[PDB]
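Inspection log for the structure reproduced underneath, given as structure tokens.
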RNA sequence: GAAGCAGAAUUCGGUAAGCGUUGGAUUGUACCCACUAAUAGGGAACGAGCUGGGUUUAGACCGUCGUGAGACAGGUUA
RNA sequence: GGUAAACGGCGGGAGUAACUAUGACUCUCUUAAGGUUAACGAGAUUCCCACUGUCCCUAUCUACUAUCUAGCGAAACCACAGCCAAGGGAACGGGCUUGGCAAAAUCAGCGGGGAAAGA
RNA sequence: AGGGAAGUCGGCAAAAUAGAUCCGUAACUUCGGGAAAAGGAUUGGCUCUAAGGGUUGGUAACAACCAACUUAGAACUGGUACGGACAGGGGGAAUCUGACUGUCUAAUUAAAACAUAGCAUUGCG
RNA sequence: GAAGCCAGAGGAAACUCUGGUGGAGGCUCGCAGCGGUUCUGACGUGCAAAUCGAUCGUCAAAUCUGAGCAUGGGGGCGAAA
Ligand SMILES: [Zn+2]
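Protein chains in written order, with PDB author numbering: chain A, 50 to 195, 204 to 211, 219 to 242; chain B, 2 to 102; chain C, 419 to 482; chain D, 280 to 349.
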């Protein structure tokens, strides 16, 4: 029945099933439930923002597109002031997700990067490796990199999203400061 | 057509007589006995649609009205107009009478 | 429970099991020769549904 | 109600909850683990035999099919 | 013939095969029900009549075993 | 080294111990799956209504046979033959022994025996 | 005749239904079906009525001429029977099973067998 | 009775409903044809070294069929017995 357990144990169990479950629908339902409780009350977080981020950041490169969308919803739900101090590890996860082979997870990782930029722009552009490594990743997955053979240059909606996220990243990095 | 013509004349397939139908038409008591003979739940339309002239139960008013425009119904009407054959008519045919003193 | 029967067979208002079976027979077309409802066949259908779990039922646990 | 029945039966004997379906089973892993434990207990014998008993139409052959996967 | 066998209904035993000893339900595989006076037991088969199981040529499927051809603890269909 | 929509198989880790392989012994985790089966079928099974000679329980009619006649006309099979009872150690008897008995020539059926199954 | 599966391993066989018009048609469902679901009312003959057209000709919305088959309605009438012979679905509740249409053991097995679409894997520039 | 098409009633449109038209489908009943499900079927030294009757499956296609040609036995061919 799972009714004698308290809301904290429900939170921890559903987080554990969201991380370790072998069913895409089960992971989607667990992520939706924890997102619903975080939306209803931010104080209903027994494991904290750091623990939530540490558990759900490997789920960026998940093959399930619905799970990725619900993870983005959780990220947008998650409080920005608590997101701000941990920008570096998240940026490592966006770099891995952009470098991942699949174009769908590349696009959803760009969406996560857009969320990170609109939530905490300064920490992203100021943390160690947040500028040049991100620019290297952008150049690599745009194909914009600077023995007798020549190489051919390396869809449309994906490239448009890539250029838009790059433009927003450059605008955030060179935003006029007062 | 007639269902199962091979056994139409069997006693277990017998239908109601014209004299019985005439007595039902004249007297509601005799029709009441004939209706209490049958269990009303096992009748078409719960026995609310009945043709006395044809002695038949029907499923609906539409079925009853469709029956009323058919030649079996008109044959039954003409037979009732001519009159059923009875014991008194038999005695009248043979010229025999009851003497009650 | 009665509401489970009403939701399952989309019928209501019976006073007893005989009328319930008769209404179900007339609705589902289980009619014999002469317009007589097939209460036996309808009862067999309902029993088969009851054992095959198309009709929800359970025995409540005893209270401690 | 199912959890209450499991409590009442686990007062007496070790009990498991089960939905015997080939496509969508429940409790299959727990039943496999219990049979593995009994095999560990009877490891001295070459194999163990688990016989299924009950009323007709309770789901014995369906439980066998769910455990087998076929 | 005997028995607390009053009568009724019987029980046990004896002579006796003259005369009868039925109709049905159940195959997820020999006992129930009723009528009847009663529904006794066997042999002539069991030391080339017909028809259902044991039962098993060739087709096919599942289960166990085998590297395999295949076999079987088996189960099903024609 | 890799590979299980290859055949297959159905747990893991730690402690102990330290050539090689084994095992034993404890301790501890012990889970993929809970809140479309239609249509079609000389496929297999159970039941209900109707229905009727399936049965109670058999009766009657028609045609073609079977039957008789004119003509025509085989085959299978065949040691010899064909009534039983008891005995005939090799649980066999149609011939032997001992009895019952036993009368020409035939016709239609019949399936006990003999015979008869590319047996 | 009466009974209606009491027969039989087993409704084997036979009987029962059947064409057309109209009323009406449930669960389930891949929404396409199921479905002729189921369950009911009628059908002969005769005498009529009504509707559905073509050609030619200056409100032609009219005249003349010509033509054949359907459809609907009404009265009368015979009756034991009216798809009068012939022709022609019995139906329903479920279970297992193979997706379906199709194919094979000529001469004992037509089937859960084979094939099929769909799915997946392998080798090869 | 599938697409496509016509008209009417709505709906701002998209579309919704109704009445038609149309004639698709390895759809269906069914004649020929093709095949061979069932019958204590007929027949059993038969009309027949596989036939006959009723019944049954399919019938616009993975349907039926002729002639010419190709594949020849430690081979072929096989919707596979
Ligand atoms: Zn009338």
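All C-beta atoms, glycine included, are put in the ideal place defined by N, C-alpha and C.
- Using a CB distance cut-off of 8 Å, residue 481(C) does not count as an interface residue toward chain B.
- In chain order, 169, 172, 173 and 176 place their CB closer than 6 Å to the CB of residue 136(A), counting only its own chain and leaving out the 5 sequence neighbours on each side.
- Closer than 8 Å to the CB of residue 283(D) there is at least one CB belonging to chain C.
- Across the stretch 443-476 of chain C, CB contacts with chain B closer than 8 Å involve 452, 453, 454 and 455, in sequence order along the chain.
- Residues close to ligand 1 by the beta carbon criterion (under 5 Å to any non-hydrogen atom) are, from first to last along the chain, 52(B), 54(B), 55(B) and 74(B).
- According to DSSP, residue pairing for residue 57(B) in a beta bridge involves 52(B).
- Cα atoms of residue 162(A) and residue 142(A): separation of roughly 10 Å, rounded to the nearest angstrom.
- In this structure, residue 79(A) keeps its C-beta atom at 8 Å or more from the C-beta atom of residue 89(A).
- Going by C-alpha positions, residue 50(B) is about 9 Å away from residue 64(B).
- Per the coordinates, the alpha-carbon of residue 70(B) lies some 28 Å from the alpha-carbon of residue 8(B).
- With a 10 Å radius around the Cβ and a threshold of 16 neighbouring Cβ atoms, residue 327(D) comes out exposed.
- Residue-level contact by beta carbon holds for residue 287(D) and chain C, with a gap shorter than 8 Å.
- For residue 190(A), the number of other beta carbons within 10 angstroms of its own is at least 16, and it is reported as buried.
- Between residue 285(D) and residue 299(D), the CB-CB gap reaches or exceeds 8 Å.
- Ranking 112(A), 125(A), 187(A) and 108(A) by CA distance to the CA of residue 144(A) puts 187(A) first.
- DSSP, read as helix, strand or coil, puts residue 144(A) in helix.
- Contacts with chain C (Cβ-Cβ distance below 8 Å) from the stretch 78-95 of chain B involve no residue at all.
- Sequence-distant Cβ neighbours of residue 166(A) in its own chain, meaning closer than 7 Å and more than five residues away, are 173, 232, 233 and 236.
- Contact residues of the stretch 33-47 of chain B toward chain C are 42, 43, 44, 45 and 46 (C-beta to C-beta distance below 8 Å).
- For a Cβ distance threshold of 8 Å, residue set 453 of chain C lies close to residue 60(B), ordered along the chain.
- With fewer than 16 other CB atoms across the displayed protein chains lying within 10 angstroms of its CB, residue 475(C) is exposed.
- Beta bridge pairing from DSSP links residue 449(C) with 455(C).
- In the pairwise beta carbon analysis, the stretch 83-94 of chain B is classified as not touching the stretch 31-46 of chain B: fewer than three pairs are separated by under 8 Å.
- Taking 8 Å as the cut-off between beta carbons, the residues of the stretch 332-344 of chain D near chain C are 336, in sequence order.
- The beta carbon of residue 436(C) sits closer than 8 Å to those of 457, all from its chain and outside the five residues before and after it, given in chain order.
- The stretch 60-119 of chain A is shown to contain whole alpha helix (DSSP H) runs of 4 or more residues at 73-89 and 97-105, in chain order.
- The Cβ atoms of residue 87(A) and residue 59(A) do not sit closer than 8 Å to each other.
- The alpha-carbon of residue 16(B) is positioned some 55 Å away from that of residue 338(D).
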